[PDB]
4 protein chains.
Amino acid sequence: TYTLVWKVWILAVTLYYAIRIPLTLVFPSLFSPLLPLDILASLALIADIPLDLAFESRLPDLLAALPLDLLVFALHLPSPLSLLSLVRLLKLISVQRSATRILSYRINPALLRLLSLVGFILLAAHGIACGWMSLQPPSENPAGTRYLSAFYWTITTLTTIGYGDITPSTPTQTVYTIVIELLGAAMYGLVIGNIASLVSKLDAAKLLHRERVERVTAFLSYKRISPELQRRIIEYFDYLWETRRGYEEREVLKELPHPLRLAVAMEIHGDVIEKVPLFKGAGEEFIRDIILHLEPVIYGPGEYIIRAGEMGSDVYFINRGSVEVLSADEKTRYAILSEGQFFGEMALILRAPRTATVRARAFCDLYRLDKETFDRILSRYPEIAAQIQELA
Amino acid sequence: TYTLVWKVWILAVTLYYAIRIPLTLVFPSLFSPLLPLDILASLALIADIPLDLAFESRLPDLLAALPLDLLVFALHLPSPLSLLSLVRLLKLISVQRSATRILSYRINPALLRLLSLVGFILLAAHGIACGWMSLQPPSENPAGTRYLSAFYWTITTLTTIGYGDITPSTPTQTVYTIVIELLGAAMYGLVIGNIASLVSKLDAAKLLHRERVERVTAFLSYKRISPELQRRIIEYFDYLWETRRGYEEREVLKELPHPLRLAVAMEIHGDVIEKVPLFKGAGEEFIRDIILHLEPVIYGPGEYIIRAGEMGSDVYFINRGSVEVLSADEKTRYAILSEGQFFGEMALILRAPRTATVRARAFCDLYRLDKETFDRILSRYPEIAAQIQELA
Amino acid sequence: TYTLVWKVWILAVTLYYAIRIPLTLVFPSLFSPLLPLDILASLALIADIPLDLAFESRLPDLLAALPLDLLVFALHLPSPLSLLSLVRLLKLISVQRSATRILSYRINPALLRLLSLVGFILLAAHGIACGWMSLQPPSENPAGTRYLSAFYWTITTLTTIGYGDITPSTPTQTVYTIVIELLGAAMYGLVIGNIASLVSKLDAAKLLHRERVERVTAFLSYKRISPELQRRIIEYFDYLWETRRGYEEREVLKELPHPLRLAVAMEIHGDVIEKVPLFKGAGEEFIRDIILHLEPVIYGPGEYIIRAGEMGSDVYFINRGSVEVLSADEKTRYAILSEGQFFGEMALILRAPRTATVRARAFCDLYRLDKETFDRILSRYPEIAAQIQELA
Amino acid sequence: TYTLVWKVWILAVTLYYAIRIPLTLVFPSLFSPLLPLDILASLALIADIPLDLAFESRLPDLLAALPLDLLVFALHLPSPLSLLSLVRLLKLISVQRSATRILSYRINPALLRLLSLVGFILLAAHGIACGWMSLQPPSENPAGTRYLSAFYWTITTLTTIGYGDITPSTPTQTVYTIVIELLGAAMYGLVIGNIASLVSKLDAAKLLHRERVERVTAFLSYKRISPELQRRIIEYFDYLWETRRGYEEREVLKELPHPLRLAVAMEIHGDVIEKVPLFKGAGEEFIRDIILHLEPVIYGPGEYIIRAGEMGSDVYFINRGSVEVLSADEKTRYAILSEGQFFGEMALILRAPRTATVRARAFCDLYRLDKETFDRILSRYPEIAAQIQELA
Ligand SMILES: Nc1ncnc2c1ncn2[C@@H]1O[C@@H]2COP(=O)(O)O[C@H]2[C@H]1O
Ligand SMILES: Nc1ncnc2c1ncn2[C@@H]1O[C@@H]2COP(=O)(O)O[C@H]2[C@H]1O
Ligand SMILES: Nc1ncnc2c1ncn2[C@@H]1O[C@@H]2COP(=O)(O)O[C@H]2[C@H]1O
Ligand SMILES: Nc1ncnc2c1ncn2[C@@H]1O[C@@H]2COP(=O)(O)O[C@H]2[C@H]1O
């Protein structure tokens with residue numbers, strides 16, 4: 001974690017060069033008072049790439065490492081050959097490359113891109129204000145006022161607002177302004193594109209659920225389905241949103257490898273499976289096969305799970321909801337079942353008519369094992385199969 | 001439904017503070033005439049969070065609850081310590097959080113976001129106009145004219161229009177204007193991004209259908225398909241758009257749980273299945289299996305459904321279209337079949353050559369059951385199987 | 001096709017009212033010279049809704065049908081009660097609703113939306129210019145110059161350019177300008193959103209193919225695949241783009257119903273299947289099953305289709321490419337096969353070692369039938385099965 | 001590769017006409033000094049379409065081929081009939097059509113579209129500046145200053161900045177400015193839409209992986225999974241990003257035809273399969289079937305692959321990771337397995353209890369063959385089946 005301090009220090013040093021270099025290009029006086037800071041930052045930049053190689057597309061580091069400054073401000077070079085101090089502003093490409101990889105997971109990449117673009121735009125605005133100040137007529141005005149005027153002009157130009165109170169007066173000013181207008185239009189377009197991209201991907205799951213509900217409702221409208229069934233479907237979809245944001249269990253768990261899927265299935269269904277009379281005293285591999293073949297099914301309130309008198313072929317394990325066991329005529333409540341329990345266990349060993357009616361109080365979200373998968377998997381574990389056959 | 005009145009009242013109170021607080025910051029005279037309303041709103045805000053806890057990320061409520069105003073306007077504090085009345089404008093974060101959850105289902109979330117952004121932008125424009133009025137030279141002008149001028153300046157700045165008739169004159173005005181230009185560019189970019197996001201998701205189904213038609217047409221172009229077949233396909237796809245917006249039945253009904261899917265299938269196919277000679281007097285579970293295994297198929301106008309003399313293995317139930325039964329030589333019309341009827345019933349009990357030719361008048365949209373699924377499911381209901389075998 | 005003329009005439013009439021009504025509101029002189037056109041358009045609008053009901057959300061038609069004009073310009077009503085002539089500009093909602101449904105299939109809906117927005121923006125600019133002219137000081141200037149000035153001001157405002165040479169002078173002008181600035185920002189944001197939506201969906205297939213190629217190349221990079229195989233894959237993907245725009249046959253034909261799929265398969269494979277020694281003299285249903293079970297497979301240049309000495313279980317039908325039959329040692333060319341021919345026919349009746357080597361000159365794009373599907377489908381047609389068994 | 005030189009030369013010639021034609025329209029003096037270049041470019045354009053037909057929607061070529069210039073500048077035609085020299089600027093449509101097909105694969109098409117739009121915008125700005133210069137009052141000013149002023153005005157207008165220092169003065173200037181404002185708004189909207197489209201599709205894979213991780217984490221949050229399992233899943237997903245950018249092997253290899261899939265599978269698994277005691281001396285087709293039926297599975301660090309005492313039905317081939325073979329009580333390390341080796345080979349010939357415990361050091365990324373697929377495919381190769389049965 002010691003490299004984060006070095007990265008932050010390098011960011012501070014490059015922001016220092018970004019602010020001072022154009023400012024001292026405009027004002028050559030500011031070179032002796034900030035000399036020790038310049039020397040210290042030059043050493044830091046020289047030593048950075050040794051520390052970049054240790055504990056790990058490269059020209060920017062070499063070009064910003066060597067001190068092309070400290071000589072143009074010492075020998076007092078002319079304007080054409082004084083702009084070679086800005087090669088040290090190529091460190092930003094590397095600072096941004098480091099920042100986009102030491103924060104690619106905690107922060108949304110679109111937001112990181114937008115923030116980096118905003119910072120680059122502010123630095124470029126400072127540089128453009130310095131360039132505008134340089135190519136101005138010499139007048140006796142305070143330096144702060146002349147900076148606040150150049151910065152006001154460049155912010156007015158970059159935002160495409162264009163008040164017009166500060167305008168070009170010389171042909172060189174006009175050419176510079178044309179260039180700055182082009183870059184300002186490009187940068188504002190980039191900002192708008194970044195914002196539009198950031199906003200498009202915000203509510204993806206809500207929009208997907210809304211489109212699914214609209215498509216289902218339109219299809220049921222075509223098939224002339226009664227309003228009661230549509231109301232039940234809309235209440236289901238709403239409950240799905242308020243519980244799992246409209247996500248089916250089967251599609252989420254196909255995004256995982258076999259060991260992780262097995263671990264999740266065990267952590268969900270272990271005690272509930274283990275505490276079954278039929279399967280107690282059986283091995284762990286048989287339990288794993290069952291724990292891997294349970295199919296999620298959500299039953300709405302008042303829906304029929306098992307009806308009295310039907311043949312029946314499935315067993316159900318309650319995971320979240322509640323259930324009422326009732327008579328054939330639905331006059332007497334045998335029992336109320338909650339989490340951790342099960343019903344329909346007397347169907348994996350006999351194919352007899354069912355013994356009661358099962359109804360749902362609220363949304364159930366229970367798992368189900370069919371007798372076909374159970375018989376399929378029972379072929380490879382004959383000991384249990386014998387116990388089941390004797391039980392029958 | 002009593003909480004909606006309270007939410008609307010809280011919205012009105014916070015819009016009141018949003019309008020009055022900056023206005024009375026600019027004009028300290030407006031504090032006695034609106035004193036009872038201020039007291040009443042202060043009580044409402046104090047009592048709101050007791051009513052927020054009952055019948056249900058929290059600091060904004062506490063910071064807006066306490067009256068940091070009513071003292072800066074009573075003791076006549078100076079400008080640095082007079083801006084502590086605006087902490088009560090943090091209630092907007094909670095009003096927006098309530099609005100985005102008491103209307104997340106009726107309104108498109110993108111539209112709600114755009115409307116909330118527009119309201120926030122108007123409130124911010126009022127506040128920025130007040131701030132611009134505050135840092136103006138003292139002159140004897142009517143208050144309404146000075147507000148209409150500050151509001152004109154801030155609307156001109158926020159929209160990036162920039163007429164330039166009203167411009168900064170002092171360094172403080174220049175700094176304030178630079179800040180306002182930056183926020184105006186950000187807010188306009190946000191508005192444009194919201195509008196682009198809202199417009200991109202408008203005609204999703206039409207675009208999907210258009211891309212499917214284009215891909216199919218291009219693929220048939222590669223395979224050099226005759227124009228008649230392409231014309232038939234385009235007429236089919238068009239009928240699919242004018243009926244179900246280009247949606248396949250099988251993919252729509254996989255978006256539903258087993259009980260809801262069973263209910264929809266029963267409500268679609270119940271009387272049509274029930275009134276079959278072969279299956280009358282059979283149980284409800286057998287009917288449910290058939291009602292669950294019917295496969296949708298749309299036949300175009302003039303298409304062959306059953307041809308005379310073929311072996312044949314399927315039965316068809318008419319759902320929407322019309323049919324003409326015709327001779328082997330297609331000279332005599334045996335019958336015309338409409339909704340609620342069926343044909344090909346003498347194929348689930350014998351594998352004999354067919355007895356007539358079936359043609360479609362218009363698009364049919366009929367269901368079909370194959371003899372393989374029927375035989376598969378007949379294994380678990382032997383009583384019916386015996387009746388079928390004796391019938392054969 | 002007579003309704004298109006009526007729709008175009010209604011569009012012309014409503015564009016006439018859109019241009020004349022605000023213009024004659026500004027200039028009350030222009031009411032007698034254009035009186036017959038106004039009467040004729042009023043009759044046309046009165047009679048339109050009788051013709052809207054015949055040969056087929058309704059208030060706009062009734063509100064634009066009755067002549068609320070022809071009285072405000074006849075009795076010379078004052079300004080508050082003179083703006084009731086613009087209710088007849090609600091016909092645009094219906095003209096646009098008709099246009100978006102009589103051209104929803106020929107034109108891209110995004111382009112139609114953009115064009116409708118542009119037309120509405122131009123009409124609104126004309127109306128806003130008229131409103132700006134109305135609330136101007138009375139001066140003796142030519143009407144054309146005053147219109148060209150109001151239109152210049154409104155175009156400068158709506159585009160967010162804001163030259164500033166024409167600016168408000170009165171409080172009413174300032175309020176009107178604030179409103180127009182808000183609507184101009186909204187309309188420009190709408191235009192930008194429409195353009196971004198139109199441009200995002202332009203090159204969908206090319207982008208999908210590019211992402212597939214990038215993903216495949218990156219995955220092969222991880223697995224350290226030799227450059228020759230990567231080059232072969234890239235040449236394949238390129239050929240897929242230059243032939244079918246990167247579309248797999250199997251996914252395109254699952255977008256069609258069973259009769260259309262059968263018709264396409266017959267039109268592709270009919271003569272090629274029919275002219276097979278093994279299957280000649282067989283029925284049409286057997287041919288249909290084969291024509292429905294042929295699987296597309298593209299072989300690259302120089303690839304092995306059948307190798308000498310392998311067991312072999314498949315038959316291949318050439319559809320587009322060319323093939324070279326060669327010896328076990330690949331020294332002698334037995335034959336060259338083109339479209340309409342086949343090879344490997346002596347594998348659906350015996351499971352013997354193969355008799356030659358098959359190589360591809362260029363990309364083949366040939367179909368393949370396995371012996372498993374052939375045996376599966378041969379169970380239900382025993383006569384052919386007997387002929388095959390005797391042939392073996 | 002000789003056509004690229006001709007295309008570049010044609011691009012240079014059309015950029016020459018784009019710059020000179022409006023410039024010599026404004027300044028009729030510049031027609032004799034550049035006469036030989038004009039003649040040479042006219043010959044080049046005349047000869048281009050012969051070379052367009054050889055070594056290969058056409059009107060632009062014919063309209064730009066004939067010299068409608070060289071006569072309006074020779075006979076000194078008036079202004080209405082002097083604007084017929086610009087028909088030769090229709091060559092740009094063909095230059096762009098050539099550029100969008102000789103670089104559709106190396107360059108992102110969105111970037112190519114943006115660059116072409118930028119170039120067209122710069123050329124249009126030059127033309128608009130020339131048009132603005134033409135309709136200016138005659139004054140004695142240097143030509144360069146008048147161009148730099150017209151270009152400054154058109155760049156200020158096109159970027160929607162609108163300083164306002166240069167404004168219309170005549171009605172013709174006002175109409176021209178209104179037109180230019182409309183085209184500038186359209187072009188800036190097009191640029192913003194292009195940038196937004198380019199930025200939306202940048203980090204597609206990272207966003208897909210982020211959404212998968214968010215959905216999985218939310219679903220596990222609903223099911224109340226312990227933090228240890230969630231931490232293991234997040235470490236897995238992270239390793240998947242740092243290795244294959246979040247791509248599953250099975251979905252990537254379904255994007256390839258059977259020969260390419262077979263070649264990739266052979267190049268991945270060949271030596272590892274070949275060096276197996278059970279399968280040595282067997283044929284190549286049997287090896288191909290195995291090499292086609294190996295299923296990828298990634299095991300995390302510390303995960304159980306084979307547990308001592310279980311029945312066991314699978315064999316594993318190590319591809320990338322490392323493995324530790326351990327005792328039933330996990331006290332003694334039998335061996336450490338690296339790339340190119342395998343374990344569990346004594347399960348495809350007997351269904352005996354396993355003989356050791358297999359654990360993963362780091363992420364493994366190993367392949368697995370089940371005994372069901374092996375038995376399925378062993379039916380069609382009886383010789384090996386006999387060798388396996390005798391081995392058992
Ligand atoms: N007295 C009871 N208490 C709790 N559950 C019961 C009772 N009687 C029946 N059931 C359950 O109701 C089911 C209905 O018939 P099954 O064969 O599915 O198996 C039955 C049991 O799971
Ligand atoms: N006279 C008739 N009226 C109505 N439908 C008929 C008549 N004759 C035959 N059909 C139907 O036409 C079908 C053609 O042969 P099937 O064996 O499919 O079963 C036949 C019946 O469904
Ligand atoms: N002389 C030949 N001319 C054309 N095709 C041949 C010739 N000999 C063999 N073939 C084809 O090459 C195939 C190789 O072995 P098959 O059993 O697949 O069936 C063979 C035929 O399809
Ligand atoms: N001494 C050993 N060295 C390396 N691998 C072993 C050793 N003993 C067992 N194994 C492997 O561990 C596996 C555990 O039981 P299997 O039947 O899967 O087959 C076994 C071998 O693959």
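Counting starts at 1 for both ligands and their atoms, following the listed order. Every chain is numbered from 1 and lettered A, B, ... according to where its sequence line falls, protein lines coming before strand lines. Values below: all heavy atoms of this structure, side chains included; hydrogens, waters and symmetry mates excluded.
- Of the protein's non-hydrogen atoms, D:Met346 CG, 3.2 Å is the one closest to atom 19 (O) of ligand 4.
- Looking at C:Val323 and C:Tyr316, their side chains never come closer than 4.5 Å, going by heavy atoms from C-beta outward.
- Nearest protein heavy-atom neighbour of atom 1 (N) of ligand 3: C:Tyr334 CD2, 3.9 Å.
- Side chains of A:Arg376 and A:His293: a donor-acceptor N/O pair is present below 3.5 angstrom, by distance only.
- In this structure, atom 22 (O) of ligand 4 lies nearest to the protein heavy atom D:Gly344 N, 2.5 Å.
- Looking only at heavy atoms of the protein, atom 4 (C) of ligand 4 is closest to D:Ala335 CB, 4.0 Å.
- Aromatic ring centroids of A:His269 and A:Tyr367 lie under 6.0 Å apart.
- Summarising the contacts of atom 8 (N) of ligand 1 with A:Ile306, A:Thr357, A:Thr355, the nearest heavy atom is found in A:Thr355.
- By the 30° and 60° cut-offs, the orientation of the rings of C:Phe279 relative to C:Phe286 is perpendicular.
- Residue C:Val325 has no nitrogen or oxygen atom sitting less than 3.5 Å from a nitrogen or oxygen atom of ligand 3, judged on distance alone.
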- Query: Yes or no on side chain to side chain contact (heavy atoms under 4.5 Å, CB included) for A:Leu337 and A:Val358, after CA distance, side-chain angles and deciding distance?
  - Reply: CA-CA 10 Å; A:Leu337 309 190; A:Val358 173; over 6 Å; no
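- Heavy-atom proximity to D:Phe343, at under 4.0 Å, picks out these atoms of ligand 4: 22 (O).
- With ligand atoms numbered from 1 in the order given, ligand 3 contributes 21 (C), 22 (O) to contacts under 4.0 Å with heavy atoms of C:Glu345.
- Residues D:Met266 and D:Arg288 have side chains in contact (heavy-atom distance under 4.5 Å, counting atoms from C-beta outward).
- For atom 16 (P) of ligand 4, the nearest protein heavy atom (residue, atom name, distance) is D:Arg354 CD, 3.7 Å.
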- D:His258/C:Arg368 under side chain to side chain contact (heavy atoms under 4.5 Å, CB included): CA gap, chis, key distance, verdict: CA-CA 12 Å; D:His258 178 267; C:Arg368 170 183 58 91; over 6 Å; no
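- The closest protein non-hydrogen atom to atom 12 (O) of ligand 4 is D:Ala356 CB, 3.9 Å.
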